Structures are given as structure tokens and as C-alpha cells.
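Enquirer: mind folding the following:
(11 chains, ligands or ions: 1)
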Amino acid sequence: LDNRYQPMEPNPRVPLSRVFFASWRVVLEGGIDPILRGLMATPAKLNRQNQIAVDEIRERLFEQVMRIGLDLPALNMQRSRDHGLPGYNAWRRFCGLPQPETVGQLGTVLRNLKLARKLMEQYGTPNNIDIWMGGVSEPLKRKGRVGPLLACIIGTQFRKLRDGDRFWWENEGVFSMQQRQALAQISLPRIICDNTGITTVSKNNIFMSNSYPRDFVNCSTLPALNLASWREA
Amino acid sequence: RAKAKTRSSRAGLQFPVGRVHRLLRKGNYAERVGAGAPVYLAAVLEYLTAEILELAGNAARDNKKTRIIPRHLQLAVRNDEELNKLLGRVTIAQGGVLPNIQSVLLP
Amino acid sequence: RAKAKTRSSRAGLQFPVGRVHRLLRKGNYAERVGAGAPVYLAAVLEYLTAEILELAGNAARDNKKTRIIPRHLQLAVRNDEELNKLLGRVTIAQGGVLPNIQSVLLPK
Amino acid sequence: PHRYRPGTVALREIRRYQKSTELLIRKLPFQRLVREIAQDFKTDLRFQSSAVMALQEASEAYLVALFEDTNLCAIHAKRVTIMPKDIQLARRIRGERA
Amino acid sequence: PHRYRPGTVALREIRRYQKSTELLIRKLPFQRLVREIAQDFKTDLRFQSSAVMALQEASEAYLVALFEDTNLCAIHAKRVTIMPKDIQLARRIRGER
Amino acid sequence: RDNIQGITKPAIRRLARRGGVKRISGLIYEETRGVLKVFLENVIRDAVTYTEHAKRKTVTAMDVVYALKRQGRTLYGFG
Amino acid sequence: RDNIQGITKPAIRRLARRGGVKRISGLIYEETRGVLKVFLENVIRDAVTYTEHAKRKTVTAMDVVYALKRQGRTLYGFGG
Amino acid sequence: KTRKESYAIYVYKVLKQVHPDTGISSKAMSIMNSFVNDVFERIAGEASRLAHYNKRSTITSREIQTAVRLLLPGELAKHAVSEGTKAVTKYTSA
Amino acid sequence: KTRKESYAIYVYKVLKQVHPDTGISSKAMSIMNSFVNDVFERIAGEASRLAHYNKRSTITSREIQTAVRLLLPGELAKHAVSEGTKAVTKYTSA
DNA sequence: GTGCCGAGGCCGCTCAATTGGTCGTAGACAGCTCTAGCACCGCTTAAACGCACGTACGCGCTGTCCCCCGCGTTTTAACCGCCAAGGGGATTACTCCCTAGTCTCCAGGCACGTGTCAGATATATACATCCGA
DNA sequence: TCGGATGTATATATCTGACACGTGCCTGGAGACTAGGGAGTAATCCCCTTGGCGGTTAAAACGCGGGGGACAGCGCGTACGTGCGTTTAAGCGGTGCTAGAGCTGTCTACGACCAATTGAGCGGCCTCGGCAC
Ligand SMILES: *[C@@H]1O[C@H](CO[C@@H]2O[C@@H](C)[C@@H](O)[C@@H](O)[C@@H]2O)[C@@H](O[C@@H]2O[C@H](CO)[C@@H](O[C@@H]3O[C@H](CO[C@H]4O[C@H](CO)[C@@H](O)[C@H](O)[C@@H]4O)[C@@H](O)[C@H](O[C@H]4O[C@H](CO)[C@@H](O)[C@H](O)[C@@H]4O)[C@@H]3O)[C@H](O)[C@H]2NC(C)=O)[C@H](O)[C@H]1NC(C)=O
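Expert: Residues are numbered from 1 along each chain as shown, chains lettered A, B, ... in the order given. Provided below are the atomic coordinates:
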């Protein structure tokens, strides 16, 4: 997108199979400002039980730099098998969730009976369902984008990464109280305003605002990071 | 005129913004009530209701039950530290008590 | 016109009926406030104040002092069952505590 | 002549009644007690069934919480038997009889 | 070499401190503690003298009531010495735990 | 009118079992009856006051709920 | 910044004596310090919230009174 | 400065009526003012809740009487009700 | 027959949002309605007291946010504040 | 496996929420001001701190026996299914009296100024009380 | 069971500062009206509360046997109160600076208020499957 958040000619919409390992687009095609604008002002893709992954990554992944296109979900499940990860039921048991055994129980858990029939036909038992497939086939949590199993795993991992980190910014002795309060005023919109030539930037929760110009403000209204607390005397 | 649009739909909620506004206006709380107060109150009420309902549904599922009864509500409230702190002096009818036996009384 | 008379004077009260009425009207309590509510409230407040002050003055006289200090108020409050029940969750500044010692802790 | 230990059936009852939500007091005697108590405040009084039910629920919850506190007090004194002094101490510390 | 039996001076101090109304905690250390606690909530926070005094009075009254309940708990267990378990039991029964 | 005895010893024992009590002394029942009588007296007095203020001869569930809420014992399930 | 030690053992002993305590264990002082810190944290947090809502930088006695009343600890003689 | 009103002079008149010789200090006056304000707030809030429960938009003497009966315990409620009824009758007589 | 309003439709809508298959009972609806009313009353009263303390005649979003921070404990207050801020921003945009 | 009663779904309709304009006042903002909170500084000195002793007390072990728990039997009344009368809760219409609202004004209450007398602070004394002898 | 010895209440001087009185002023409470709607008072409808009856059987009361736990000694170590000597910031009093709480003057935009419109939700009525048995 250009300065007015309109499609940028030429090539406003480029297929993903033509952008993999293409740094010449970053170099010779206007830099990173249009790319950041497109990231900020374009809706993402919703995860639906009948619309999981697009064909760009499923049929034509790394097509230009390889002898044949790859299959990203197939690679995910083959990697899960390569890593020797347990099945869907084992991880449901791990997170304290009920483990379905029949097609009816799997349909009740997934809230999609036809998907349960498809999974039963492909695998034969819920215990053999790969972790990625079962995680992305579960209905999404309210105000969330992962199923209960994926939410459990991700929350546990990030809680461990936060509490187990000695140099956590909120940990005492890492940052001073004034420095912590100054850091509390940061925002990715402010970073984009400071480090690029973009003057109109989405509002708070940059990961939610996607429609121009309803949720876009001027770059000057964003509070800046006050580094005066870092002065040593 | 233009087609009517509920304020809850504009705010993206499911709790009634208009009813909350009317209750605030007729509840003898202040001389005037702002236009953003009902939206905030409805959002907070919806969030709390969703939290407790989700916990109660999880408790009901743990008991192999299809419906939510007051026992599941009590189990959801008393097993959550923050909800228990909020509903500390509150008695839920037909809720029972949390199963807990002191260690010294065990054989 | 006529010689203005305070509403407290008509009711034989030393507490302000007009001020209580104004506080009731501007206190966001109800849409309308009746004419007899301020008189009743002022009378109740005056009675409670008179009783607590009588007990505090009795305590001060028992302490051979003239002026009333918070210690006398605390003694008066805690030595009356009804007032203690009314002020159970109230902390009086510079009031101390009622002198008591458990019988087992006594030397014997 | 299979006789259980003097503590097995008590623990069984504890596990049984901590998993249910019923009312442990018979409804008719409690209703009669409520009416007898209310006779001291206003003669010729009528009661809704929901009012008596709410009173029973509140009383049962209050008694259960008081008994939990009393059990804590008894355990504090290195005992397993619930005694009236434990109830009195719990009521004092709670602020009821204080 | 005169010497008082253990317990007499304790009762004397009880009778002395149950008669006076003065604050039993030093003012400056309590002010420093209050400022240190309030630092976690705001920067460059200023305190009125009356605010610190009110905080001290409330804290002292709360601690005195807690110690009364603790003494009751210790006496219940056929003891005259208060222990942390008595404080924990009192705070549980009060509902502060 | 001796209805405080209607709360029988097995009922008090059941209420204690729900509270996790393993052993009960023989003198606990009278104390529990007295405590229950005091609590019911307070709640019923408040409810009857609420009923008289409403100019009614019938005690409703709302009166009991308000009486309990006035004592910091909010009850959910009756309005 | 270790100001919790400013509440010395003699001060806690005096507070216990005012409460009618004859004998005090050696581990009581740490428990008392922790309880005091928790109580002060709650009250001061409420007071700071009240002050911040008023767009003020000075914590007044009335904010402390409102906080204590919120916890159910109405205090007489300070403010009104 | 600005006028900050309080129940100080009225409390002094009541004290002089009760004890014609004793005085009062500033801290005791502050405590009495806080007590009066607290009791006023309690009774007014109870009366407001009573009026809201009965779907009435007016606080009358009956609401204040019921609030006093609910809050004040034992003989305090009876004596306060008697004093308030006497004051209301005297006010409405003149 | 008079019309009695309650938060039953909205609670059912939220339940279907969370648990589409799980149903609810009548007593659970009564408890939900009582809980919603109690929380509403608590927040509204705290906001009213905040407005009265600062000598304001208007209850705004700031008063509600501060009341939520004061009453709701721990992370509940933060999450509720975030949800309310998002709702207010969305309403202001639309 | 049964079935049945309570949760779920569907249709009037009506009142409460929405939409479109105005008014005036509550709140936002800029500016001054002058309390009052904060930051050194020295001197007492009262209180905190460190320490040794011994003695009273907390804690563990042991034995009694009595009080409480478990179980069988009989009695009691709780519980449940109908039936009837009716007191009283709940709703509706009229109107009238009680309360909100407004202009005038004047006196009660608040801010300021002050002085003297209850009250805080030594001081020597007389007891009050406690601990071997 | 009495002498010393430690601590405390008491009556007596001696400053002292704050509480009560006096005065000026101002703003809000009272006097005298007008307008409108909240509710007080009848009247009516039906519903849910109370009283009654009888049959089942679940539960409470009573009694008996036994074991285990509450309570009273008894001992033993230990740790906490008491007193003394050393140290340390607490407190008091003055001094200086300026941050911000508070009051004043402008102004505008936002919520209360009013009128017209319509559809959201509440009550009534089926209908079937989740759960008590
Ligand atoms: C068969 O045993 C399974 C395993 O049993 C384990 O070993 C035996 C001998 C016992 O000791 C048993 O207690 C052990 O669990 C058992 O499945 C187990 O079920 C539990 C309870 O659902 C699972 O625990 C839950 O795990 C997750 C993740 O937390 C864990 O992992 C992370 C990372 O390692 C750690 O940081 C955590 O501390 C835990 O170790 C959570 O979902 C959950 O905690 C959250 O949820 C509960 C309630 O939902 C809340 O109370 C908590 O506060 C948290 O919010 C639990 O901790 C356990 O993972 C699982 N084990 C395995 C190996 O899958 C199974 O039930 C047994 N089968 C039968 C039929 O009984």
C-alpha cells in the first residue's frame, strides 16, 4: 500500500509463491514501508474447520527455489512423526481434557461431526491423530484463535518462559522503577512511526486494527519513549 | 429515518447497553450519566458472565453432564481464587461445598 | 414578610433541619425527599450525639478531667453494648483499648 | 457380625455429604421453627414457600461454615472431637459474639 | 542483686500500654516503610502528614486486634505463649486468608 | 411450642459431616440449636421489618434476601 | 530499601502487650511484619487508586479514609 | 480560604445541654463529626434502598423510621424512634 | 400479567457463545441474574461514590474503570478493564 | 431400557429503545498563588541492640476410662397425592395534596483574631506491690 | 511472712498553647407563591397460602457393646523474659525551596429533554430429549 493506504501499482497483490526467498522485492521495490502498511491494514485469514490452510503453502511452497512445491501441513505432521510426539489423546490427557474414543465422542469434542468422520477415516482412532491436526481442527476459544489443547500448551510454555527468566523486564534489579514505567508506554505503532516513513498508523492493539481509515490515527498522537530515566550521573 | 441499530451491536457486545443506561439513569447514582459508561459496564458484565459460565460448563463436562446446575456454578466459583475472592460473602443456593477433608482426621 | 424561624427551632432541635434537607436532596439518595424526613433524621442524630456525649462526659468526670479527649469517647463506646454493636467496625483515633487481662495469665 | 471401625463410617458420611447439594434439615420442622420464631415479632404472619426455602439454605450454609471453623479450632488444640468451646472461640474470632 | 520473676514485668507493661494512647511504632521508620510500599504503585508520590498518621493509626489498631485474637487462640490450646499458628488460625477465621 | 428440638441430633451431625467434622461431642447439639435460633431470630426480625414497611401480611423471598444482604450474607437463587 | 525492618522487635512486643499478650515466641515478629506489609499494601493500593482517579500527585488523608472504609475499617478523627 | 461546614457548633450545643461544665477538644470534635456523618450516610442509604425496593421515588419519615429500626440495635432503635416521632409531631403541630 | 425483565436472554446468548451444546437450568439462570445484578449494583455504587468524592455530577467511563479496578481482584480487574476499553473504543468508532 | 417433565423453540404485541434537534450548564483548560510537602543539619538522648543466665514453660510419652461411634429394632412423623376455602397480593382508575421550582432577603454559620485557664511537665513524697529470709 | 527495693499514684508549682468567645461578612435557608404528578384510596380479580386427610416408608429414638481419644501426670530440654552495658538514629527545632493543590475566569460540547417510530423481548403455547428412577 502507498501513502494513502491504496493498492500500490505495480503489483499490489503478489502471489505468495512468488515472494518466498525474494529479497529483491524488499530491495528494489520500494523498501519495507508498503509491506508494513499492508501488514497493518489487511485482515488476516480466519481458521475454520473446513478452511484450514490455503493452497499457496499447501501446493506451491518454495516452488521457485526447489525442484517441486512442498506441502506445509503435510510437513508439519511428518515432522511431528519424525520428532516422535505422542498423539492427540495423549496431549488431551496431558492438559486435563477429556479424550474421545469413538466417532461420536470425537464429533462432540470437535463440534463438527463431518470432520470427525473424515478424521476417523484417515487415522482410524483419535489416539493416532497428529498434534498439529487435532490442535487446528478444534473449535477456537472465545476471543481466541487456538483450541483448548493448543491454548494449554502455549500458555504453559510462555508461563515457563516468563517465570523462568532471570532478566525479565518486570523482575527486580533488571530495570529501575522509572525505567519500567517508561517502558510501559511503548507500542509497536510507535516503533513503526519512529523507524519508518509511515505517518498514518493503526491505533492500539495493532494486531486487531485492519481497516483503513476507521482504526488509523496520525503518528504524532502516539506518546514517545522517554529515555531521560536512562541518564547516568 | 435510517434503520435502527442497537447500541450493543455497535459496541460488539451481547449485553443490553440501552437497558444498562436506563438502569444507571433511574438508579439514583448521579445527576448525569455519560454515553460511554453503559458500554463499559455492559462489557464488564458480559466478561464476568462469560468467565463464570465457561468455568461452570467445564465443571459440568468434568461430571459428564449436559446442563449447568447450581452445583457446577459453585464448583466453578470456589475453585477459582479470584472469583472466590469476589464472591466471598455470597451463598449460592443448592451449591453444596467443596470436597475437603482435613489431613489430621485421616486414619 | 415575617420573622424567619429555623425549621430546627419549630421541632425543638439543636441540629440543622435545613442542612440535613439540603444534604438529602443533593446526596443522590432519591428523586424526591419529603418534608418530614429531615426532621426525623435530625432528631435521630441529635439523640445519638446526646447519648454518646453523655457517656463520654461521665467517663471524663470519672477521670477527674474537664475536657473530653478521644480516650473518653472510646471508653464510652466500648463500655456500652448497644453503642459497641453500632460501632463494631469503627476505629477511633487515639482511643487505645479497654483494659482487660485474661484470668489464666494472672499470677497464681 | 461385621462391625466397622469407629471412624470408617464417619469418613464415609463426610465423603457422601460433601458431594451432594440436598438440604440436611427436614423441611417441616424447620418451617415450624421459623413460624414460631416469627410469632415473636408480628402475629398472624403468612410465609411464602420460597421465603422458608431461602431461610433454610442460608441457615444450612451458615452452620456448615461455622462447623468448618470449629473443626479448625479443634484441630488447633490437638484434638479431633468437636467441643462447644471451639464453637465459642470461632464465633468470637469471626466477630459474632465479640 | 534484686530480680523480678519472669512475667511480672510483662504484666506491668500490659497495664502500662493498655492505659496510654500513644502510638507504639516509631514514626520515621513507619513513614519510610509506607513510602517504600507506595513506590511500587506510583513515581514521585507525595504524602500528607495526616495520611501517614492515619495509616499508622489504622495499622496499629489492626495489629492490636489481631494480637488479641492470637492470644485467644493460644489460650484455647492451653498455652500462654503466642505462636505463628495462632496468628494464622485467627486470620483464617476472620477471613483474611 | 418447642420446635427448636425439631432440628434433631442426626440433622446437626449431617451438617457437621458436610463441614468435614469427624467426631462430635454430646453437648454440641444444644450449642448449635442456640446459634441457629440466634441467626434465625436476626434474619427473621429484619425480614419482618421489611414486610411491615411494605404494608403486607406475607413474608416474601425478596424480604429474606434483603435481610440476608443487609448482614453481608448475600444469597443467590431467589431473585 | 529494607524498611520493613524498621518495625523493630520492641515495637511488636509493645503492640502485643497492648493486646494483652504475656509471652511472645521468637518467630512471631516475622509473621507480624508480613501481615503488616500485606495490610499496608492493600490500603495503600486503594488510596493510590483514589488519588490517581483525582489527577493528583499527593496522597491525602481522605484517600486513606476512603480506602479503609472500602476494606470495612472506618476510621474516625482523620478528615471526616 | 473557603467555607468548610461541619457539625461542630451543634455538637457543642448538645454537649452544653448535657454537661454544662465540661468542654471538648479538636480531635474529639473531629471524631464526633465523622460519627454524625457516618450515621447520616448509613440511615440515608438504607432509606434510599427501602424506597427503591417498594418502587417509590420519595424518602418519607416512614422510610427513615424503618432505616433506624434496621440499623440501630435494641433500645437505641426504640429511643431514636420515640425522639424522631416526637420531633416530627412537634414540627407538624406548629 | 406484568412484564418482569431479567438478564436471561443475554446470559443464554453468552452461554451459547461459550458452550453451544451445553444447556442451563432455571436455578442456574436465577443465580446468573442475581450475580449480574449484584455486580452491576456494586460497580455503580462505587462509581457514584467516586463521582461524589471528586464533586462531579456525571458518571463517565473513567469512574466505571476506577470502580472496576477497586472492586475486581487481581487479573480480573485488568481483563475487565481491557474488555471495557475495547468496547468503548469500538462504540466510539461506530 | 423408560418416560416424563423441564429446557428449548416459535408467535403476538406492546412498550421501551432508537433517531433527530436544542439548550444550557458541567466540565475542560489556562493562569496565578501561596500552602505545605520535601530536603539538609546539629544535639540530645531515649530507645534499639547485643549478651548472659536461669527458670518457667512447650513438647513428648504413658496410662485411664469414659464418652462417643456403630448397628439392630421399634416407633414416629416427614413426605407425597388431592381438595377445598379464602385472605391477601397484585392491578386499575381519580384525584388531590405534597413536593419541586423560583425571586427575595436576611440572619445563622464560618473565617479571623485573642487571651487565659485547663492541661502537660518536673519533683519530692507516700504508699502499692513483689521477692527472698 | 518481713525488709528492701522497685515502681507507681499523688499533691504541689510552673509554664503554655489551644479552646472558647467576640466580630465581620456572605450565602444559603426561609417566606411566599405556582404547577404538576406520586401516590393515597377505593374497587376488583385470582392465586397461592393454609388447613385437612390418608397411605408409605424413610428416618429418628433407644439401647447395647466396645474401642480410642481426651485428659491428667511426669520428665526434660530450651528459649524467652530480665537486667546491664554499648550504640544509633528518632525526635526536636529551625531553614530554605518550590511542587502542586486550590481558586478564578472563558468557553464549548455533551448529556438531559422531547417527539415520532418500530422491533426486542416478554408471556403464552407446544414439543421432545436429558436425566431421575
Ligand atoms: C493416569 O495418570 C495420568 C498421569 O498420572 C500422573 O502420575 C500418577 C502416578 C499421579 O501422580 C498423577 O497425579 C500424575 O498426573 C493422569 O493424567 C494426568 O492428569 C493430570 C490432571 O488432569 C494432568 O495434570 C494437568 O496438566 C496440565 C499441565 O500442567 C502440568 O504440566 C506442566 C508442564 O510439565 C507443569 O508446569 C504443571 O505443573 C503440570 O505438571 C494442566 O492442564 C493441569 O493444570 C491446570 O489445570 C488444573 C485443572 O484443569 C488446575 O487445577 C491447575 O491449577 C492448572 O490450571 C494439570 O496439572 C497430567 O498432566 C496428566 N498426566 C499425563 C502424563 O498426561 C490420568 O488421569 C490417570 N488416569 C486415570 C484414569 O486416572
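Enquirer: the chain: strands as residue ranges?
Expert: Went with chain A since none was named. In chain A, the segments counted as strands under DSSP state E are A:200-202, A:216-218.
Enquirer: to clarify, I was referring to chain H.
Expert: H:23-24, H:58-59.
Enquirer: of all those, which one is nearest residue A:89?
Expert: strand H:58-59 (64.6 Å; Cβ to Cβ). All C-beta spots, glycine's among them, are computed from the backbone N, C-alpha and C.
Enquirer: just say helix, strand or coil for the residue of chain B at minimum distance from chain D.
Expert: Per Cβ to the nearest Cβ, residue B:96 is where chain B lies closest to chain D, at 4.1 Å. Under DSSP: H, G, I helix; E, B strand; the rest coil, the three-state class of residue B:96 is coil.
Enquirer: what's near enough to touch it?
Expert: Counting by Cβ atoms under 8 Å, 6 or more residues apart in numbering or on different chains, residue B:96 touches B:71, B:74, D:18, D:19, D:20, D:21, F:18.
Enquirer: so it versus residue I:38, what's the distance?
Expert: Separation of residue B:96 from residue I:38 (Cβ to Cβ, to the nearest Å): 20 Å.
Enquirer: so which bits of stretch D:35-55 are buried?
Expert: D:35-38, D:41, D:45, D:47-48, D:50-55 (16 or more other Cβ atoms under 10 Å in any protein chain shown).
Enquirer: on that earlier part again, of the contacts of residue B:96, grab the buried ones for PyMOL.
Expert: The buried subset of those, as determined by 16+ other Cβ under 10 Å, is captured in PyMOL by this line:
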select buried, (chain B and resi 71+74) or (chain D and resi 18) or (chain F and resi 18)
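Enquirer: report the contact partners of residue 85.
Expert: Let's take chain A. A:130, A:131.
Enquirer: my bad, the chain I had in mind was chain H
Expert: By Cβ under 8 Å, 6+ apart, the neighbours of residue H:85 are C:40, H:65.
Enquirer: re the thing from before, of the strands of chain H, which is nearest residue A:163?
Expert: strand H:58-59 (54.3 Å).
Enquirer: show me where chain H has its helices.
Expert: H:8-18, H:26-53, H:61-71, H:75-93 (DSSP state H).
Enquirer: quick check: closest non-adjacent residue to the residue nearest to the spatial centre of chain B.
Expert: Central residue of chain B (Cα atoms, centre = their mean): residue B:49, 2.9 Å from the mean position. Leaving aside its chain neighbours, residue B:49 sits nearest to residue I:14 (5.2 Å; criterion: Cβ to Cβ, 6 or more residues apart in numbering or on different chains).
Enquirer: can you check residue D:76 too?
Expert: residue E:89 (5.2 Å).
Enquirer: helices and strands around the longest helix along chain F, which ones?
Expert: Longest helix in chain F, counting residues (DSSP H): helix F:28-53. For helix F:28-53, the contact count by 3 or more Cβ pairs under 8 Å, 6 or more residues apart in numbering or on different chains; DSSP states H and E identifies helix D:27-38, helix D:49-76, helix D:84-94, helix F:9-18, strand F:58-59, helix F:61-70, helix H:26-53, helix H:61-71 as packing neighbours.
Enquirer: now distance to residue A:30 too, for these, in a markdown table please.
Expert: Below are these laid out as a markdown table (distance: least, Cβ to Cβ, whole Å):
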| stretch | distance to residue A:30 |
| --- | --- |
| helix D:27-38 | 80 |
| helix D:49-76 | 69 |
| helix D:84-94 | 72 |
| helix F:9-18 | 73 |
| strand F:58-59 | 79 |
| helix F:61-70 | 66 |
| helix H:26-53 | 65 |
| helix H:61-71 | 74 |
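Enquirer: related to what we said a few turns ago, ok, the longest helix of chain F near DNA strand K or not?
Expert: No: against DNA strand K, helix F:28-53 shows no contacts by Cβ under 7 Å from any atom of the strand, the least distance being 9.4 Å.
Enquirer: count of neighbours near residue F:26?
Expert: 8 (other Cβ atoms under 10 Å in any protein chain shown).
Enquirer: list phi and psi for it.
Expert: phi -80, psi -20 (degrees, to the nearest 10).
Enquirer: now residue B:96
Expert: According to degrees, to the nearest 10, residue B:96 has phi 70, psi -160.
Enquirer: any idea how far it is from residue D:21?
Expert: 4 Å.
Enquirer: now do the shared contacts for the two.
Expert: Common neighbours of residue B:96 and residue D:21 (Cβ under 8 Å, 6+ apart) are B:71, B:74.
Enquirer: how about the helices of the chain, start to end?
Expert: Unless you meant another one, I'm taking chain A. A:24-28, A:33-40, A:55-59, A:72-82, A:88-94, A:103-110, A:113-123, A:131-137, A:148-163, A:177-183, A:188-195.
Enquirer: if you could check chain B rather than the one you did, that'd help
Expert: Using DSSP H, helices in chain B cover B:7-11, B:17-25, B:37-62, B:70-78, B:81-86.
Enquirer: looking at those helices, which is nearest to DNA strand K?
Expert: helix B:17-25 (5.6 Å; Cβ to the nearest atom of the strand).
Enquirer: residues near residue 71, how many?
Expert: Reading this off chain A. Counted with other Cβ under 10 Å, residue A:71 comes out at 17.
Enquirer: was after chain H, sorry
Expert: Count around residue H:71 with other Cβ under 10 Å applied: 18.
Enquirer: quick check: the spatially most central residue of chain H vs residue H:33, distance?
Expert: Residue closest to the average C-alpha location in chain H (Cα atoms, centre = their mean): residue H:40, at 5.5 Å. Separation of residue H:40 from residue H:33 (Cβ to Cβ): 11 Å.
Enquirer: how about residue A:173?
Expert: Distance from residue A:173 to residue H:33, by Cβ to Cβ: 47 Å.
Enquirer: and residue A:151, how far from residue A:158?
Expert: 11 Å.
Enquirer: which one's more surrounded, those two?
Expert: residue A:151 (17 against 10).
Enquirer: got the contact list for the more buried one?
Expert: A:141, A:144 are the contacts of residue A:151 under Cβ under 8 Å, 6+ apart.
Enquirer: before we move on, what about residue B:79?
Expert: Taking Cβ under 8 Å, 6+ apart, one finds B:55, B:59, B:98 in contact with residue B:79.
Enquirer: from residue B:96, how far off is the nearest residue to the last one once chain neighbours are set aside?
Expert: Among residues not flanking residue B:98 along the chain, residue B:78 sits closest, at 5.0 Å (Cβ to Cβ, 6+ apart). The gap separating residue B:78 from residue B:96 is 9 Å, by Cβ to Cβ.
Enquirer: residue D:34 now?
Expert: 22 Å.
Enquirer: with residue F:74 instead?
Expert: 18 Å.
Enquirer: which residue packs closest to the residue of chain H found nearest chain I, ignoring adjacent ones?
Expert: Closest residue of chain H to chain I, Cβ to the nearest Cβ: residue H:45 (9.2 Å). Using Cβ to Cβ, 6+ apart and skipping residues adjacent in sequence, the residue nearest residue H:45 is residue C:29, 7.2 Å away.
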